[PDB]
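First, one chain by itself in structure tokens, the form solved without its partner chain.
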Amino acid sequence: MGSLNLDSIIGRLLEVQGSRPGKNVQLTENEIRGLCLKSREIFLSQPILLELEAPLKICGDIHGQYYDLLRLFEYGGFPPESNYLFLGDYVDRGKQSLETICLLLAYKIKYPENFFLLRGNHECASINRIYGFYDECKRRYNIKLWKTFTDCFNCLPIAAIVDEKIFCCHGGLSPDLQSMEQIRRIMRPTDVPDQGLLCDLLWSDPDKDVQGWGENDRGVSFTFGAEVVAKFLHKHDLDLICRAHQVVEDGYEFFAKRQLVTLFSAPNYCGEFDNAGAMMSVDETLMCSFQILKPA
């Protein structure tokens, strides 16, 4: 005992759609614990390297901007009308990390074969301790719930391949990534290490000025140039890298002659940027199109 009243939880999460943005949904602690526990089971039963098929919609960082998450579903179609892949960074920086991750977990549980969540670098206790999620849990619930989230985040998948052609991850490529089997061998639960394959997948960035690999300004992981992308795509017979992790003005931005695209789905990020958010739709023929969300 007991079951999880998923439909009531989702109904309450969706209730505030159209209300003055910022209006909270305060689930019970056990409801949220239920969401973490049941989704954690689902994450572990599915591969850490997801293998997905189009059509699906792909979204980048949300960062607790819950009403922008709802807008994405509004324009993209609420599950299960459309399949979704999110590229991580659900929490921190925004005002409503809790509503955000809870709706995502809820949909993961309700539609486990049509709804998918990758791990971002903010789905990591050492990071979201600092940038808001801990403070939000502590304020609205307790630190024990925050540790329950950590335990759940530690089981998220870290990459996805869509129809053997699009490689998806939060950050980018790794100098340790030589085979896809190296990703599949990563055991869960796990924290995000300070270095290595898992770290790079959640932390690395493309860089125009770097030929091969370079030092990353974040002080973690690496930057990789257009050449690194071309070699990677050719080696694994892929057409595109789809990642997130960086705020871009129009919500999406191409790199290396459209061989890589960055998606960022949190419009006016932190209230400091004037960026749009974007969502990429991939149809059954792997035609990719962008919906852009201008900030409210």
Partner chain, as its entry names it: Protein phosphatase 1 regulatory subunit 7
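Numbering follows the first chain given and starts at 1. The term rigid core refers to the most C-alpha atoms you can superpose between the two forms while keeping them within 1.5 Å.
The following text describes the form deposited with its partner chain bound, which does not appear among the structures shown.
In the bound PDB entry, residue 127 approaches its partner chain with a heavy atom inside 4.5 Å. Heavy atoms of residue 171 never reach within 4.5 Å of its partner chain in the bound PDB entry, leaving it off the interface.
Looking at residue 88, you'd find every heavy atom of it more than 4.5 angstroms from its partner chain in the bound PDB entry. Taking the partner from the other structure, its partner chain in the bound PDB entry has a heavy atom within 4.5 Å of a heavy atom of residue 189. Of the residues in 119-141, those that come within 4.5 Å of its partner chain in the bound PDB entry through at least one heavy atom are, in sequence order, 125, 126, 127, 128, 129, 131, 132, 134, 135, 138, 139. Superposing the rigid core between this form and the one not shown leaves a single residue from 104, 85, 197, 127 with a C-alpha shift of at least 2 Å: 127. Whereas the shown form places them at one spacing, the Cα atoms of residue 196 and residue 129 lie at least 3 Å closer in the bound PDB entry.
Between residue 129 and residue 220, the C-alpha separation shrinks by 3 Å or more in the bound PDB entry, relative to the conformation displayed.
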